[PDB]
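Let's start with one chain on its own, the form deposited in one PDB entry, as structure tokens.
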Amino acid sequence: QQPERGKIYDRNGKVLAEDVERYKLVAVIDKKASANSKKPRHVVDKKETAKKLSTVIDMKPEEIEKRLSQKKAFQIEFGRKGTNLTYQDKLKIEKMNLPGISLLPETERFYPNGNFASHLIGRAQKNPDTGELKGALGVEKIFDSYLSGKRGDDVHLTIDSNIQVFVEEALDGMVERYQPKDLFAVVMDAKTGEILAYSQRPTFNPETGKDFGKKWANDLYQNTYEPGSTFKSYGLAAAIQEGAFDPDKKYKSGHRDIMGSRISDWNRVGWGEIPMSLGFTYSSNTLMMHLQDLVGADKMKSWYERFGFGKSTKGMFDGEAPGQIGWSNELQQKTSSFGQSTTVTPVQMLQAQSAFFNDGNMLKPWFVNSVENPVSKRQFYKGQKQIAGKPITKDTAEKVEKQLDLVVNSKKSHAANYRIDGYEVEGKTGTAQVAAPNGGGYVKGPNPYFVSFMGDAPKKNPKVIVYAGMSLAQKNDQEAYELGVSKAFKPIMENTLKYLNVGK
């Protein structure tokens, strides 16, 4: 028969996916089966058999009888409700001692946590003819040649199921409240790059197949976003190191005219001549345009490239999107400074953000801990911390971190809804416009925003980074604009900090 497909484990050894034995119900209905035998080998009483079978399977007795009455057939099955039956279901049916009724063992792929990190783990599909399982998405697909067999190798993830629960629960909350078109959250260990939790909405249920195929793209590695103002931190880091950002230097706020278009601070008028530090706390768009002018267009492109953007991070997911740095003209360049036109993956954002908490060294994020075989003990692969690049100095990092502290904790902050009681939080907010897939423009509406937060806690020396974004709320779009992802970040961040024994 088939070799046992390897298991997918979480960082603490909990099974995320495995092979189990289930059972399919089979009924011989042709009288010829009992010709030679003393006790009947087929269904004599269709009515009683159907009545009694409906006590285990989710079928009405008239339907079982209908299927039981098909002609020119030796055996019948009962569709979706005849299979994936439990060992308990088997025993119930066998005690019934129904003639012609049997249960046939079948291998199924079992996901013990159901809808749980689904767009990461993936789904294995079965070929009924041979029972052969073949991964169709995520880890099951990426690592299909190892997982398959004699027994396949196991794949151990960096995911912590305890932190994953916090994420899953938070995302359910977001959907209920905001019904967004797309949504994701990811928790990364701030010192190693390990992905401790990831999920997205909408997603699917690996165990039932529900909604599988409706959205093939994994948001972390394969989808791309105009990030919005969370992108401002890398412009700021560049400005700091080049000697263009002085936190106390004043600058002319208000607007800039770019190729005949008005790019304004979010209040249209600005605040007059204000210190550069305050403008970042306000998320002043003119600040970033001004800083770009200081550093230089050519230099700013290299800066964004040296932060990893526009190229794949080379993770172990299939089809990793590279994004692109929008630099074709001044309008694209100026809008890229606050995170429009340029497109990114969430994994790129995690990689760049990590520079500020590792003396300027970007960490390559990673989610595969081990591929190894449990019978032979052969280890094929082992994940590890890896520096993707050191684009800034330690001094620049600390100076970036000070403005991220002020974004949340300045008296003039517009991000106090992201604060958590007992825990010092910092990060950067984003409210970004999202391109219409057909239409060549931005999606229109009262608040047609991709709202996001790139946060970390405890501030200065964080244990985890939390990045969460929500695209185009369809319910409560006013609150989505006012609160961003704060109703996701707080329950994720707080519960993780508690589980990791960080002190309040």
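Residue positions are given as counts along the sequence shown, with the first one as 1. Under this definition, the rigid core comprises the largest set of C-alpha atoms superposing within 1.5 Å between the forms.
Unmodelled residues of the deposited sequence between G149 and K150: 10 or more.
Across the two stretches, 121-129 and 429-437, the PDB entry reports the greater mean Cα temperature factor for 429-437.
When the two stretches 45-53 and 457-465 are set side by side, the higher mean Cα temperature factor goes to 45-53. In this structure the maximum Cα B-factor among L85, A197, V347, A321 is found at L85. Per the deposited coordinates, the residue with the largest Cα temperature factor out of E140, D359, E106, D154 is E106. Ranked within its chain, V451 lands in the lowest third, by CA B factor from the PDB record. Ranked by C-alpha B-factor against the other modelled residues of its chain, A355 falls in the lowest third. Ranked by C-alpha B-factor against the other modelled residues of its chain, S34 falls in the highest third. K24: CA B factor in the highest third of modelled residues in this chain (values from the PDB entry). In this PDB entry, the Cα temperature factor of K134 sits in the bottom third of its chain's modelled residues, the lowest group.
The discussion below concerns the form deposited in another entry, not included here.
Aligning the rigid core between this form and the one not shown and inspecting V175, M96, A297, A217, the C-alpha positions shift by 2 Å or more at one residue, which is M96.
Once both forms are fitted on their core, a CA shift of 2 Å or more is seen for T49 between this form and the one not shown.
Fitting the two forms on the rigid core leaves the C-alpha of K460 displaced by under 2 angstroms between this form and the one not shown. In the core-superposed comparison between this form and the one not shown, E479 has its Cα shifted by less than 2 Å.
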